[PDB]
There are 2 protein chains.
Amino acid sequence: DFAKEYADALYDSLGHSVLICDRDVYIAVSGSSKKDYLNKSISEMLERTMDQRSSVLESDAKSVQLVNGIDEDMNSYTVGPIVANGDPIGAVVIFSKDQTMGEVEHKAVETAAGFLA
Amino acid sequence: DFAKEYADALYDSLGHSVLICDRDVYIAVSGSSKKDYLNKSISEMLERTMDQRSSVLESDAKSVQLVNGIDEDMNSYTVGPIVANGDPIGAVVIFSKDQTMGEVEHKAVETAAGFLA
């Protein structure tokens with residue numbers, strides 16, 4: 001499991017929850033409960049972020065939907081769409097309920113997305 | 001080439017020269033000339049860093065040896081030893097002649113090293 005390995009490496013290094021999705025669902029979860037995210041449908045926010053192809057960083061999110069329709073209290077998050085041959089095929093998400101995502105995590109998701117693509 | 005793919009992803013995302021070595025030589029080079037680094041013997045600094053297992057960040061290096069005996073003018077660099085089963089098997093290096101390596105790159109090498117291990 002290639003996405004799982006990367007998610008684990010990101011968690012081990014950065015210490016924040018890591019999700020990786022394909023076009024539909026989360027396919028890798030590290031740092032968070034697999035029950036909460038694995039195979040769950042990605043949110044409209046994730047879909048839009050992937051469609052827009054650019055990475056995003058929200059330093060003061062307050063609340064976010066990672067799973068569609070599921071409002072979650074969230075301090076911050078960052079998303080790196082995985083774009084292969086111009087087509088979004090997934091995304092890498094790093095988030096925290098209590099810590100602030102910064103350029104470290106923002107670049108981490110871009111790097112992860114680039115490698116996974 | 002797995003190390004090459006990661007080095008390329010790191011270069012694409014962070015925009016700095018990236019080297020990956022095994023215990024002996026550089027095995028992947030991105031952002032810099034392959035002639036300057038590929039198959040070149042790693043420096044004593046690299047060997048010591050790997051032996052000590054911890055990542056390092058030098059924000060004001062002035063000069064560094066990446067290739068053994070080769071003094072290179074360098075603004076800054078960061079090194080993430082690749083440690084598998086307690087044994088150092090290589091390292092990921094990000095460096096710049098003109099820009100300052102910070103936590104972004106420092107964590108990038110740790111993440112890279114963790115994944116490659």
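A note on names: the letters A, B, ... follow the listed sequences, proteins ahead of strands, and every chain is numbered from 1. Atoms considered below: every heavy atom in the structure, side chains included; atoms not considered: hydrogens, waters and symmetry mates.
- Under the 30°/60° scheme for interplanar angles, the aromatic rings of A:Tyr6 and B:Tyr6 are found to lie parallel.
- Within 6.0 Å of the CG atom in A:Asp73, the count of heavy atoms belonging to other residues, nucleotides or ligands does not exceed 12.
- Hydrophobic clustering keeps A:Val93 apart from A:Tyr11 (ILVMFWY residues linked when any side-chain heavy atoms are closer than 4.5 Å, directly or through intermediates).
- Nearest heavy-atom pair across B:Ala9 and A:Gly114 is CB-C, 4.2 Å.
- Residue B:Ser13 comes nearest to A:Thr111 through the heavy atom pair OG-OG1, 2.9 Å, listed as atom of the first residue, atom of the second, then distance.
- Taking CG from B:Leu10 and CZ from A:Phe115, the interatomic distance works out to 9.5 Å, rounded to the nearest 0.5 Å.
- We find the CD-CG distance between B:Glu110 and A:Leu14 to be 7.5 Å, quoted to the nearest 0.5 Å.
- In the hydrophobic clustering of this structure, A:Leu19 groups with A:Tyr77; members are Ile, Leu, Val, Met, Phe, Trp, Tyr whose side-chain heavy atoms approach within less than 4.5 Å, directly or through other members.
- B:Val29 and B:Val92 fall into different hydrophobic clusters, defined by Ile, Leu, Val, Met, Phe, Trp and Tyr side-chain heavy atoms under 4.5 Å apart, directly or through other members.
- The hydrophobic clustering, which links ILVMFWY residues whose side-chain heavy atoms are closer than 4.5 Å, places A:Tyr26 and A:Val56 together.
- Note that the NZ atom of B:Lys107 and the CD atom of A:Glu105 stand 9.0 Å from one another [nearest 0.5 Å].
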